[PDB]
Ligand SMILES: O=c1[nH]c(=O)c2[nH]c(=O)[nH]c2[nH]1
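A single chain, nothing else alongside it, follows as structure tokens in the form deposited without this ligand.
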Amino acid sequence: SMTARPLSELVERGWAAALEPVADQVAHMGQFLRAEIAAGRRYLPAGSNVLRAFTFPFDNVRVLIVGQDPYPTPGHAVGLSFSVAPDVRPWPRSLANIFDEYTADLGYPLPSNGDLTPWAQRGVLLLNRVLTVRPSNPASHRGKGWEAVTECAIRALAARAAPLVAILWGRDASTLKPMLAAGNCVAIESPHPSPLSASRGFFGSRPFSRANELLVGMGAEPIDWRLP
């Protein structure tokens, strides 16, 4: 549908204005995914979930979390970075690692399920640097045109007259650091929660509590991170 329908239809009003400079690029990504299907290759998440992160209000974002690309296993990715549908179990190992750090950092019990929508509904943008992947092949759509879209999104948030905290998980997420240089923006960076990288600095990084300290310091309301 992103080949065929305008941003005014695909995403929330604030996001449609914020992504105007990449309107043509988004249509192009629509044609890229159409070509993958034509060729008999698959993508995740489902087409109608690809831009889901931009369907919550642009004006309400206080924190963004940025990962690499969507979950590679069919049935996991839903268009919100690291989120899974409420009926998914077991949790993907990166999300089990996030929830371990979440309990260590904040003292809360393990969430009931893998659904991060409460965060999306409380001013957290759940972004992946790249918004599609081929099943079972991490980073398979790196450098196919999404990066200009996620760069435009971060630049737009940063230009708002509002505080912003960015939590940047892993190397592809960290390439947005330069666009956050302005005085109303602060970036937290750590290795990715994936089992391959988590032991190099994700565990003990306290991203949730540090994000709230940074917000309070800038005169913003902290995120209520508590999942049911």
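Between two forms, the rigid core is the largest collection of C-alphas that superpose within 1.5 Å. Sequential numbering from 1, following the sequence displayed. Shifts are known only where both forms have a C-alpha.
> Could you settle it for me: does 104-112 or 132-140 have the higher average Cα B factor in the PDB entry?
Result of the comparison: 104-112.
> Compare the mean C-alpha B-factor of 65-73 with that of 172-180 as given in the PDB entry, and name the stretch with the higher value.
Higher mean C-alpha B-factor in the PDB entry: 172-180.
> Out of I167, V26, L33, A159, which shows the largest CA B-factor listed in the entry?
Highest C-alpha B-factor among the listed options: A159.
> Relative to the other modelled residues of the same chain, rank the CA B-factor of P86 and answer lowest, middle or highest third.
It belongs to the highest third of the chain when residues are ordered by C-alpha B-factor.
> Relative to the other modelled residues of the same chain, rank the CA B-factor of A18 and answer lowest, middle or highest third.
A18: CA B-factor falls in the lowest third of its chain.
> By the record's CA B-factor, is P195 among the lowest, middle or highest third of residues in the chain?
Answer is highest: the recorded C-alpha B-factor places it there.
> By the recorded C-alpha temperature factor, relative to the other modelled residues in its chain, which third is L44 in?
For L44, the deposited C-alpha B-factor lands in the lowest third.
> Ranked by Cα temperature factor within the chain, is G219 in the lowest third, the middle third or the highest third?
For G219, whose C-alpha B-factor we compare with every modelled residue in the chain, the answer is the highest third.
The protein also exists as the form solved in complex with this ligand; that form is not presented, and the subsequent description refers to it.
> Based on heavy atom distances of at most 4.5 Å to this ligand in the deposited complex, which listed stretch, 65-73, 29-37, 155-163, 174-182, is the contact stretch?
The contacting stretch here is 65-73.
> Under a 4.5 Å heavy atom criterion, is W119 part of the interface with this ligand in the deposited complex?
Answer no; every heavy atom of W119 is more than 4.5 Å from this ligand in the deposited complex.
> Quick check on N128: any heavy atom within 4.5 Å of this ligand in the deposited complex?
Yes, contact at 4.5 Å.
> Would you classify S94 as touching this ligand in the deposited complex, given a 4.5 Å non-hydrogen atom cut-off?
Looking in the deposited complex, residue contacts with this ligand include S94, since a heavy atom lies within 4.5 Å.
> Would you check, heavy atoms only and a 4.5 Å threshold, whether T132 touches this ligand in the deposited complex?
No - in the deposited complex, heavy atoms of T132 and this ligand never come within 4.5 Å of each other.
> Can you tell me which residues in 77-95 come within 4.5 angstroms of this ligand in the deposited complex, by heavy atoms?
Contacts from 77-95: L80, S81, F82, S94.
> Once the rigid core is overlaid, which residue runs, three or more long, move by 2 Å or more at each CA between the shown form and the other one?
Runs moving 2 Å or more: 170-174, 182-200.
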